[PDB]
């Protein structure tokens, strides 16, 4: 038939599905070790080949409660965290 | 288990 590898040409949907899933799983498995940081990157890559992040996010939120996902969301923005860590010096009270 | 391919059976 033919060979098999990651990101062959992308014209084929089946190859993209195979790799996309290989990454979805590989990530969960690395996190099963504890490499959350790699899960964020690998998941970001899964989105890079899917192009429909939001669909996948709904699919990830319903298949299992994802704590890593929350860290993916914290890895993305940097400036935002700085505002919070100043505006109200991280956290403040109310009366 | 370390196999997120549960939902992915849908496609």
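Cβ: placed from backbone, ideal geometry, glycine included. Neighbour counts: every protein chain shown. What follows is calculated from the coordinates using simple rules that are stated; it is not laboratory data.
The table that follows gives values for the structure above.
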| item | result |
| --- | --- |
| Bins of 5 Å, starting at 0 and running to the largest distance - Cα pair percent for chain A | 3, 11, 18, 19, 14, 13, 9, 5, 3, 2, 1, 1, 0, 0, 0 |
| Packing rank of B:3-10, A:15-22, where each peptide gets the mean count of other beta carbons within 10 Å, highest leading | A:15-22, B:3-10 |
| Residue-averaged beta-carbon neighbours from other chains (10 angstrom radius) around A:57-67 | 2 |
| Chain lengthening between residue A:9 and residue A:48 when straightened (0.36 nm per residue, less Cα-Cα) | 12.6 nm |
